[PDB]
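The same protein chain appears twice below, in two forms, each given on its own as structure tokens and labelled structure 1 and structure 2.
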Structure 1
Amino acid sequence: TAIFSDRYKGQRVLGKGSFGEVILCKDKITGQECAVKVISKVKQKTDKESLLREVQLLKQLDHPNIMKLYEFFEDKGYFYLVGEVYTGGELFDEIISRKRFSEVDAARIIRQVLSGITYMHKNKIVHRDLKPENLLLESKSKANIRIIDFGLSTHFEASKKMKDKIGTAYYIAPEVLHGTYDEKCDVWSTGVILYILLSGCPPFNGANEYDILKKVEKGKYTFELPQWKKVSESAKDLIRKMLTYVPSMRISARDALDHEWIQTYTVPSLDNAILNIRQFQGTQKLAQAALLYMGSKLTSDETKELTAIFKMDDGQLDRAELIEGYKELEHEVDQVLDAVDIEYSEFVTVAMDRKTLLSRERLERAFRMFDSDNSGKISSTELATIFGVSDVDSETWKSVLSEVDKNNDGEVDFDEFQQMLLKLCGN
């Protein structure tokens, strides 16, 4: 009965989310700001009665390391999950900005994650999809960590699209892959995050999604990297208990809080681990940005559908007709007409070019951030890692690279990298 739009109004986009987009919304009466995830009816893993009883329980739970869920709405085409706003950004984006990072800083982070998990397991809730992207900070500083999507992510079907799958294979418990899993899968995922905090490298890695999942399924890893020599044996011992293969023999979330490592450490800088987490995060973010650029190019579909609507027609249209044309597919129309002042062809051309330039700018920021030595280029070896994480076939991107520039000599600048992505999405 209760309608979302009768209570909240959208303000601005907050970012991407699993199963849906996240919008900053404001209560039309009290002015309370809220984070709203909009899930487009994404298949349902359970019946409607199971989702209602889970949401009812989740709304009553309260922990400082768990995101607060306020409301839940549903209409013919979407589900709306209304919760609290956390403005500190993603945890790993904060870690890469720091000059120093020690074993105390890592233990302080992992104590908060484990506190949240222990509390949710007491209430029979399983996350399953715990990963760095679901660890948000209340403020942008070295701040309380809030775990996102705890108990919600499992009621919806996992997206098969690589844009949503990037940064997930590293953290999934092996038993989740084979189908029989319980709350112990959340301890495995935290054990993987702890391994990355102390070395900057994932324990289970590979050239592509499937190669990572093969390493996870075997469950073998090592502490044989120069970084690990500067880490205590108490940290390595906790990681071993957390990354125990058989779930019944794996340590509980509660017993991990009571581990000597967490009690002792909650301080030499792990310099090589910071350099590696920066490279890891840069790679993940540029692969995501590359997929969202290709996604936005195919969507901008919008240019073809808007032309067939604007039926509505001298090669010219009034201001009100252009507003009606956009609403079928007010301030945004005036910003396009400002650069012009009109013909409907020049309006769509100026509006499309405005969305193209802004799409190019988000990709460019990710490219610049990946290019940490400010060389202006990325090597063929770096392209192989980026296209590996984004699941673009080796022969396909190498052919496209030769088409863009026959004399590339194993490197690409931003313009060339952008040209490669256009050809990889039919442009």
Structure 2
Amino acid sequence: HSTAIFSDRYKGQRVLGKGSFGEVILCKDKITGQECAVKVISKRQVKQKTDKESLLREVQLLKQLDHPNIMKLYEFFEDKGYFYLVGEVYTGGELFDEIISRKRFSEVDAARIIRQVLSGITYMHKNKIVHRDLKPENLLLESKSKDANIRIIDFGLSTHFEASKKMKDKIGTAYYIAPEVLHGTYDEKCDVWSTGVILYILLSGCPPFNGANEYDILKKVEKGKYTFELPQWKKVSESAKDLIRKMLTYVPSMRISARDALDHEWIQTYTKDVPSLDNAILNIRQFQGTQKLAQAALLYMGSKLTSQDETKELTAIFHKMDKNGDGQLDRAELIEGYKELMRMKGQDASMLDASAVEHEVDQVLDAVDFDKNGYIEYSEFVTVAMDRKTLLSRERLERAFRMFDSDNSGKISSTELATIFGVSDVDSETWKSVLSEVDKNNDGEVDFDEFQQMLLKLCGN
């Protein structure tokens, strides 16, 4: 029997997004039609921490585990360059994106969410699997239904793969990490700490450990001190504060277990009178919008650098291929050159096999406006393959800007820039410098186009 090839069984439909350790692609079984979400981990870009057999055994165990609040794993594939982890697709998106879209949110809603998280974590810990990187974006809703169950993603991965050091991969990690993880000695209790921070945020909309940039946040976490002095804590039950305290207990051996947290009075009472936590929802909407804009700004700048890189690479490849020196290539040649560009850049999970490349080239060749067959001008192909991506990138940045601009003022204040660039970990003096060069009127605010220009100048343009 043959070692099984991922693309012999699955075809890619669309990219779902970048997650921790790699892109996730919506795929479909070629025989049965079953849709699945495939996390593809690039061996070049993600180092392993364990030996192959340690990884294999963990995969085999994960395939046997089943819990309603844990992502289901079906299959695992490995080739020369990649690991392919095939799991169930969930369509309800990230929890915090659902929450900001409601008018009411109470401790009852929070308790129901936390109970699910604790139930998942408890099961995973019984089986000796630790998350380590638990955060709001690892909490997916199963479907778009109002009542939908939460599915936790990424259990087991941090044990086997090294985290990215790149800030586009790191936004938001610092708030949630347990202090003991920072110093190196940690166990499954780190996941209770993370859950405690999530709960604190659900009930007030502010992180318990906060600060102006990543390192400032880590400094607060490492000291471990936090308060309930914010006004919005006055609407909150004492039993919720007690559970939080126990979850954010500094010494792990004295911190409550996941299982014990399920039996806590707060969970028992509030999942079995209650105002809406309106101020919390407001603060969550603002926190989420700020996080998503910082992320969008990082992705935009990274996409601009990737485009400078790939544009020149792709031109050199076609120039080499163009044996007539006449600037003309056929479809097969554009395909082979676009393939060679993948034979190095292992960024594009969605170009999974030759068929997906064929399709993408054809979108551009269709897109070559009007079509002459045989003599494609490769310089114009490069422009449109890359302008497509550039246009897409600009539109994604803009969506995030608009969502952040909740008053529809059209502008972001310099106070708000400071918050965004802090979260993006862009140097204060450096963005102020680029703001001076763009804002020569001391308006102390920027419109979208001005913001986009600042980003271009912060990535060498």
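Between two forms, the rigid core is the largest collection of C-alphas that superpose within 1.5 Å. Quick note, the numbers are simply positions in structure 1, starting from 1.
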Report the entry in 95, 359, 149, 322 that lies at the hinge, where the C-alphas stop fitting one rigid part best and start fitting the other, between structures 1 and 2.
359
Smaller-part rotation in degrees, where the chain is treated as two rigid parts between structures 1 and 2
10
Could you state, for a rigid core superposition, the Cα shift of residue 408 between structures 1 and 2 in Å?
4.0
Could you tell me the distance the CA of residue 241 travels between structures 1 and 2 after a rigid core superposition, in angstrom?
0.4
Keeping the rigid core superposed, can you check how far the CA atom of residue 76 moves between structures 1 and 2, in angstrom?
1.0
